[PDB]
Amino acid sequence: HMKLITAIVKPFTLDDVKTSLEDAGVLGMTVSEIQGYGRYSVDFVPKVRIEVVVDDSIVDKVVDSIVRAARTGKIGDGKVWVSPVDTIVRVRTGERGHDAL
Amino acid sequence: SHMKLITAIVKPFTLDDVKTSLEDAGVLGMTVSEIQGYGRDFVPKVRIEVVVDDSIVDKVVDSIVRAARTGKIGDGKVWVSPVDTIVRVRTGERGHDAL
Amino acid sequence: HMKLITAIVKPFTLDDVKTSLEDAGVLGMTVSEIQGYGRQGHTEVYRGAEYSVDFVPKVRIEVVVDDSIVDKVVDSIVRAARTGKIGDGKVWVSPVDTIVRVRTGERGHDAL
Ligand SMILES: Nc1ncnc2c1ncn2[C@@H]1O[C@H](COP(=O)(O)OP(=O)(O)OP(=O)(O)O)[C@@H](O)[C@H]1O
Ligand SMILES: Nc1ncnc2c1ncn2[C@@H]1O[C@H](COP(=O)(O)OP(=O)(O)OP(=O)(O)O)[C@@H](O)[C@H]1O
Ligand SMILES: Nc1ncnc2c1ncn2[C@@H]1O[C@H](COP(=O)(O)OP(=O)(O)OP(=O)(O)O)[C@@H](O)[C@H]1O
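One line per chain: the protein sequences are C, A and B, in this order.
The entry's author numbering puts the first sequence at residues 0 to 38, 51 to 112.
The entry's author numbering puts the second sequence at residues -1 to 38, 54 to 112.
The entry's author numbering puts the third sequence at residues 0 to 39, 41 to 112.
What follows is the structure, encoded as structure tokens:
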């Protein structure tokens, strides 16, 4: 029942995407910079990777909020994918599953 | 789902060899980040992630392994993981059309 | 079956985590820097004077392990990253279909 959402997006949409997440009810995420090749050398372009672990009930809304705030209309807007998570543990407590988010 | 993530941890200098090897397998885009590798303090490495259809995962893994090999220790690893869903942000296209 | 373990932890715990891992027979890891956001922004400094920023630096640790070792490893990481204060982080497990060693073409547990 847990899922990982990975978003590759333009760095200047990060603020939009972040509020789009908090409206959806995602209460935190992890961000890193990436170098993206698509349609380092000149062909590489900076992007940000946003990863949020969520419940699977809430994944379509989250994916679409991300899509919604990351949309420019120009090439290189990126992608959002989802992949399974077996378990998640909060380090501080030992809470597992939804209680770990 | 017939979608897979490829993750390659490879030596930074092998990247271009890997980028060109990937066009030749018909894989266009890829996502790249710097990592610190502890294996044999740390060594700088690149992490290459590319989402692909499972009909080609085998060949794309091989073509990464061929471009990245030097025969010296610390060549890295390529692994495969399931991708339930992918969407193109600009168009909303899904699965193979999102690639 | 192989698994990927993902740990988001305080950067300063890396040495303890690394040590805890080698004690569980795990001899390699992948580490990267991330900007984390959650219940925790953090404080920063410019010419002596502090200011607030929204994200907090964390360390992302990735280890591919076998099914059998996976519980001992997650626990080992948790115990080493746990400080008692907030913002300790999270460790999650995910599936790995196949892993191959670049040099040898070794697959599976042989690839680790
Ligand atoms: N197969 C792939 N797997 C993972 N990431 C990819 C892949 N292809 C592209 N990317 C990432 O997506 C970013 C944008 O890629 P691309 O320029 O192809 O844009 P897109 O949004 O997917 O399509 P378009 O630009 O046509 O809207 C790239 O810079 C790279 O970071
Ligand atoms: N269990 C693991 N999970 C994820 N990444 C790993 C793991 N072990 C090692 N690595 C990553 O792989 C890189 C290379 O690993 P290491 O030097 O141990 O051997 P190798 O290159 O895989 O194989 P060999 O050294 O036998 O050629 C490391 O720098 C680290 O980033
Ligand atoms: N839903 C999520 N998906 C991915 N990463 C997250 C998510 N929530 C938090 N994180 C990451 O974990 C870090 C810690 O998050 P948070 O501030 O909620 O504290 P915690 O250790 O999870 O809980 P506590 O502060 O109660 O011990 C964040 O900085 C971020 O890197």
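From the three backbone atoms N, C-alpha and C, an ideal C-beta is built for every residue, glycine too.
Express the C-alpha separation of residue j and residue i in angstroms, rounding to a whole number.
| i | j | result |
| --- | --- | --- |
| C:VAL73 | B:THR83 | 31 Å |
| B:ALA111 | B:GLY41 | 39 Å |
| A:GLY35 | C:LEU20 | 32 Å |
| A:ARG107 | C:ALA81 | 16 Å |
| B:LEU3 | B:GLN39 | 26 Å |
| B:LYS17 | A:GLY87 | 18 Å |
| A:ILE69 | A:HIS109 | 12 Å |
| C:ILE7 | B:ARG47 | 35 Å |
| B:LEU13 | B:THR29 | 11 Å |
| C:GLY37 | C:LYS85 | 13 Å |
| B:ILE33 | A:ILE33 | 11 Å |
| B:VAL53 | A:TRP92 | 36 Å |
| residue 50 of chain C | B:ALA49 | Missing here is residue 50 of chain C: after 38, the next number in chain C is 51. |
Whole-angstrom Cβ separation of residue i and residue j, contact assumed at under 8 Å?
| i | j | result |
| --- | --- | --- |
| C:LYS90 | A:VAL102 | 6 Å |
| A:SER94 | B:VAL96 | 6 Å |
| B:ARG60 | B:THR5 | 7 Å |
| B:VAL100 | B:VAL63 | That pair is no contact at about 16 Å. |
For residue i, which of the options has the nearest alpha-carbon?
| i | options | result |
| --- | --- | --- |
| A:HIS0 | A:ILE77, A:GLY105, A:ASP66 and A:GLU106 | A:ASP66 |
| C:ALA23 | C:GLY108, C:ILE61, C:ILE33 and C:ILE77 | C:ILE77 |
| C:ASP15 | C:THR98, C:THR104, C:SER68 and C:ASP75 | C:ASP75 |
| A:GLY105 | C:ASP54, C:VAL56 and C:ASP71 | C:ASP71 |
| C:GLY27 | B:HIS109, B:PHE11 and B:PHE55 | B:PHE55 |
| A:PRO10 | C:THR98, C:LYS85, C:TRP92 and C:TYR51 | C:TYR51 |
Tell me the DSSP bridge mates of residue i?
| i | result |
| --- | --- |
| C:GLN34 | C:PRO57 and A:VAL30 |
| C:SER94 | C:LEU3 |
| B:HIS42 | B:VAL53 |
| C:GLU62 | C:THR5 and C:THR29 |
| A:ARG103 | According to DSSP, A:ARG103 bridges with nothing at all. |
| C:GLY89 | Answer is none; C:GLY89 lacks a bridge partner. |
Got a sec: does ligand 5 put a non-hydrogen atom nearer than 7 Å to the Cβ of residue i?
| i | result |
| --- | --- |
| B:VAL102 | You won't find ligand 5 in this model; what it holds is ligand 1, ligand 2 and ligand 3. |
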